[PDB]
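Since the structure comes first, as structure tokens, the remarks are kept for the end.
Because the Cβ atoms are built from the backbone with ideal geometry, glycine has one as well, and the counts that use them run over all protein chains shown. Coordinate-derived values only; no laboratory data.
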Amino acid sequence: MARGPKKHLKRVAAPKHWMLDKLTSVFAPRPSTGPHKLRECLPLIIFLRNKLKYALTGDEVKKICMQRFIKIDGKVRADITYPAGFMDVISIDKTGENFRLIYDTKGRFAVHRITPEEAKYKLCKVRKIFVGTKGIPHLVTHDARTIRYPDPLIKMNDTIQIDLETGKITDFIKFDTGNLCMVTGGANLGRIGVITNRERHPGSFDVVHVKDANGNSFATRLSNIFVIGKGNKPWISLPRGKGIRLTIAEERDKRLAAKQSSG
Amino acid sequence: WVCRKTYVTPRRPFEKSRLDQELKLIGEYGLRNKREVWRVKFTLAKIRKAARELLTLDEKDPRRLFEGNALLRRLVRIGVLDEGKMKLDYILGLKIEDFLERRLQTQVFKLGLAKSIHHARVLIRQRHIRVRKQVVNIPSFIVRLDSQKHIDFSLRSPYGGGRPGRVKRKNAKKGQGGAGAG
Amino acid sequence: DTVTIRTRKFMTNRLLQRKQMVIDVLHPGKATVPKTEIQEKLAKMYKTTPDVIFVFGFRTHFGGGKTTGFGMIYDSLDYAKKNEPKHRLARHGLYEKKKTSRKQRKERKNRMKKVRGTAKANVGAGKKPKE
RNA sequence: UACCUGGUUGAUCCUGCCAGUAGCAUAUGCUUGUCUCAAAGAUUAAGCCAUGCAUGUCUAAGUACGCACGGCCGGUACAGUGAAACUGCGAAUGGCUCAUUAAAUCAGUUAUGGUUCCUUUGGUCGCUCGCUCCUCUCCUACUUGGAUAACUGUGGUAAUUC
RNA sequence: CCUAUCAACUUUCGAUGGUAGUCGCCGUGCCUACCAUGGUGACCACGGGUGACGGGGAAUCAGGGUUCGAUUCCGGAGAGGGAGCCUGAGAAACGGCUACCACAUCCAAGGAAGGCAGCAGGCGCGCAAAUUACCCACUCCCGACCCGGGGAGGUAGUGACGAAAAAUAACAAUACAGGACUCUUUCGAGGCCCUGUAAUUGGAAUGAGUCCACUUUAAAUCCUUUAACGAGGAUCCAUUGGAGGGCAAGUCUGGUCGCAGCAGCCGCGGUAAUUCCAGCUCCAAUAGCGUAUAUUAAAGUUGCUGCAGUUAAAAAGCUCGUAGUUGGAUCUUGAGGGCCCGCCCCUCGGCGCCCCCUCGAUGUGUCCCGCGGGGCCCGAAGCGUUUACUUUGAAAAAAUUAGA
């Protein structure tokens, strides 16, 4: 048996890149149902008390949430295990600090403060662009936000500045060659780079040849490429650890050099 | 969770000449038993196998480079190996002795308050030294380079200075109860 | 004796309204002056009184002469009471949890199942056996 | 650590197994001072079971006519708090054990354009487009109809979460 | 996974397929009509067996391999056995229901209520496995919710599975046995380092115990922290096997005398027993060691890497021969720099040709051109007909594991 879906998830069976411990706790937070899939999510708790360390109990975490000092995507949340994802902005209204989640090329979720100007909008790639019922068109973004009456020239894999004050499309950026991308998941996790060429194969799975800033060339599936804006025109800054790609030797040299040299 | 042995048992249980060899190492370096010698035998064999693997990997290969350098750096930190040599070929040439010599016990002999490889072990186990401001109670230890610059008396042995325990006071009362007659 | 409280990893925590810090106490040879002493000592540093200061953790360091613990100082007693884990309150008495305790509640719960309505009846049914 | 050594005979060289030997995993014998870590009713009866207990749940906020408690504050419906009960949700999850099953289960790789999905998250919330306005007469919109719990009282049962 | 002392199998109660329908959350012989006669096997089907849950993983191996996987995580499956069902998005649910069957319970004899392969505990079983404890504070789950509930889970107790650290004394003195050094012809003596063995010591030390205090923690325990205490000795006092061979250590001493026993194996013991039975001494490992047993290594005694078959265990009486395995030869690709590079016996890019906004002669538009979108079409390239192989990428659980 198995008479229905689990409402629990054990630790030491949760995805590595959330940066939880091994067996020292027997249960992981587990994301709630929401706009993103649970593998790629980062439960609010892990950000709040394991990275920003504002709680040393679970009792505190609930009490923090009930204050409602936390908006996520401009809207007022109170969920203890909110399923935030890629380019989801967290807005602390008590301190005026806006943090966004973007991958390190190490593969660890970055604590990446952004200005409240850049926390007005986020760039969301279209997943489907849908001729809906009664001939009204809609675009649907990756984060499951359906915006009606969208711009009437858009096509698949375009990005779309969604605004979080007022909802809706606030222009768009057209998908073209050489656009900035962050390649997410896989062995190419958290790398940034242009395009170069998108190879098309009829039937399932189309691969996109990416060249990164360093000049290392690799392919991944189209699914694993996320378009984050226009070529050589960032809209949010690079995170820690380069965010490009760095070798284990170089990384060791940074780790030893910076440590016992601060303070 | 998970656990592992730190020693190894050889395939021949009686091998007289070897047993004598092992007894000699125990004498020279003040050890408890054969298990102490086996503990080094286990570590050394793994180091040689590590080295040998690297050496059969292709040159200018990330894995060989990164792990090579790491193995070398570790062995130089503890002062077993010298960095004027510093490759795989030389690591193979190391033997049991070279490890034993860099232990805490053999430094406590070489400088400080031991008189023998006997005395030293008992001094460490009875907490007569700090390595820095930190007591060490384990004689089989292996100190690093710059940790041999800070071996000195403890403040919790009361000769060499320190708060009276009940062993200094015991001697005081062999003069005030042994010779005080009460 | 000859302590000094040295504060590593200081945090201004504006959203739980408290100064959150590690407490590193050097000692001459004996690890740990009292928890109450530490709250008093700390109290005149940040000038908040020891009654809005909680201190917890603590673990003596071999061969003496140090103890690392943890402290929190609440700007007001209201703030303390509002983030409030019961164990923290318990640690130096000023509130402790339920003392019913436990199997009394379970017995009561099993009594309620039997009948519909009549609250008081089930209390009295749980109360006669002591056994 | 890539190993062997003992036994066929008068003696010898082979074929050969046997025994020794180290690992390990339980059992068992004997002994055992201090420090840390912890596997542990699988084997054999997925045998049988006393007793105790392992899932319950309320926000200013669906619904208070408690025998409540406390108020001055009372009418339009009036209370602050609230046992209970109704309502809604969990109860399918959790935990346990490996008996069953031999391309079955299952693993990895693929699919649903063959289909269902509470909830959460995002959109979707006036209208009969006027029955060519019964919906200006279909004129109940300043809002329709009538019954159960808890409760109160009488009770039945050798024995029931009756 | 094993099996041929299982070689033909599947449908009369559909076996495979066509067609059409009933039905189902939905595909489908799912079911049914009609209509076909299929489907599968020596490349092991079919049948039988199975302490046969699967994976991630675990143990040992030079390498090759061999063995293990109920068991901290993931998937599936079942909750005494069967069958049926309700609620709900999701259940054919035993801390839901209903029937029967096997089990058990209460009974006033009419009836009634039940399922520890949940947590503890008990009985039975065995070679084998712990508290009828405390708590929701942690870690998370559920709810109307910060607030409550949790044998989820945490906590202690039991715990030589097994792992980690390594104590039970260390240093002088003297009395001796000794060697570098010195003196002496040598003998001999002095001499430093000590090792043991006396006689006892001398300071000097430390927790095993004991214990205010501080600490721990849900509250506690223990640890890690410490006033006051705790080592001259036959002690604050270590064990378990061996000493004929393999096999480390008794040409032991007493006792027995083929007796009792010893002895995995080889063999001892029948009177001068280095194997026994005691004592003594010594050896090996050392808070551990012995023993039984499964499995692994050694074992090239299962031989892929890497076996043997004249005579040691082993070529069918002989030949034909199908599956199966294996198989002859034979096709073209000069420069630059001190090898390296492209070549030879139309969806793109683009030599060009023709088109359009045109790019310079020009500013619906040419004659340098397809350069940006085109078409056609060469060096290039699908080129000619396929691959296996090999090579680079992706997709590729965490823990484990190597390892920073």
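In table form, for the structure just shown:
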item: If the convex hull is drawn through the Cα atoms of segment A:71-152, its volume per residue in Å³; result: 134
item: Spatial extent of segment A:175-245: Rg and Dmax, with the Cα atoms as the point set, Å; result: 11.6, 38
item: Net +/- balance of residues flanking residue A:191 in space, Cβ distance below 9 Å, scoring K and R +1, D and E -1; result: 0
item: Segment A:1-64: trypsin sites (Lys or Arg not before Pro) in DSSP coil with no more than 15 other Cβ atoms inside 10 Å; result: A:3, A:6, A:7, A:10, A:22, A:37, A:39, A:53
item: Dipole magnitude (debye, nearest 20) for chain A, charges at Cβ of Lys, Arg, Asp, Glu; result: 820
item: Residues with amide H under 5 Å from that of residue A:195, placed H, sequence gap 5 or more; result: A:178, A:179, A:211
item: Cβ-defined net charge surrounding residue B:20, 15 Å radius [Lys, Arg +1; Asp, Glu -1]; result: +2
item: Summed residue charge, Cβ within 13 Å of residue C:17's Cβ, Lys/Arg positive, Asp/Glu negative; result: +3
item: Mean projected area (nm²) of the alpha-carbon convex hull when segment B:47-182 is viewed from all directions; result: 10.5
item: Residue-averaged 222 nm ellipticity for chain A, from DSSP H runs of 4+ at -39500 (n - 2.57), nearest 500; result: -2000 deg cm²/dmol
item: Rounded Å value of the spacing that divides the Cα centres of segment B:90-141 and segment B:1-42; result: 18
item: Per-residue HN-Hα couplings for segment A:16-32 [Karplus 6.51, -1.76, 1.60; θ = phi - 60°; Hz; x = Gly/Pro]; result: 4, 6, 7, 6, 8, 6, 7, 7, 8, 8, 9, 9, 9, x, 6, x, 7
item: Simple label model, 7 Å out from Cα along Cβ direction - residue C:116 to residue A:170, nm; result: 5.6
